[PDB]
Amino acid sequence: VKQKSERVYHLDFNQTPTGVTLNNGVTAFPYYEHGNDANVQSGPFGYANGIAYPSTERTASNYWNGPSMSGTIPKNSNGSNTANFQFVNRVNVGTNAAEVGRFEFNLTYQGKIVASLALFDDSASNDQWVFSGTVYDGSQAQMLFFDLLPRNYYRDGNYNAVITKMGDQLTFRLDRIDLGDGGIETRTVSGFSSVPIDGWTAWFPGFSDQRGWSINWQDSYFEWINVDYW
């Protein structure tokens, strides 16, 4: 037995993405616990210079709304969808006290969240951003961590948002491409090595008529890793 990595898809945004669906994926933000109305996936992405720019409008509402992109994930060549993987999304993100924004990078199975990596700045009076990781969906969701990122260290700029699975260990990272190191949270989740995945969604909402943060998405890929072969 030997092993290799198997890339399922790669979006570089040099051209309009193919093999994806717009505004029809799965979101994780538990609006029903926050006094908000249902999350909305709407609007376009603009592409320039190998970068996707999600578009939102300042429209007064009680919900998060922005564009999403989704795709399907087949089993690896060894016939497993419960195996190890890495899901990597490069972003450039910046904020300011008056700005509000959120992104989710989600892995799903049969229409439900399995893992959700979020970054958000949810107040128009503070420039604090928060990195969170959630496992499971809806009433079963468990927010594994809520990390208030110190702004002196987590400056505006380039990051790799990563979800990795290594058996029962689920890791979320926010790698600081510009300055080194970054955010890292790993949890050993009971039975997670038996839980499959079959899809992904990336969602980039703003809230109501609040001014948006600066966000762009430069690369996306998912790979099955440590895939047995003979």
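Residue positions are given as counts along the sequence shown, with the first one as 1.
For the pair 127-135 and 146-154, the mean B factor over Cα atoms is greater in 146-154. The stretch 180-188 shows the higher mean C-alpha B-factor when 180-188 is compared against 196-204 in the entry. When the C-alpha B factors of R90, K112, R102, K75 are read from the deposited coordinates, the top value falls at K75. Note on the listed residues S61, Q41, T164, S70: the highest Cα temperature factor in the record is that of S61. Among all modelled residues in its chain, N24 ranks in the middle third by Cα B-factor. In the deposited entry, the Cα temperature factor of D209 sits in the top third of values across the chain's modelled residues. Per-chain ranking of the deposited C-alpha B factor places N160 in the lowest third. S116 sits in the lowest third of its chain by CA B factor, as recorded in the PDB entry. In this PDB entry, the Cα temperature factor of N96 sits in the top third of its chain's modelled residues, the highest group.
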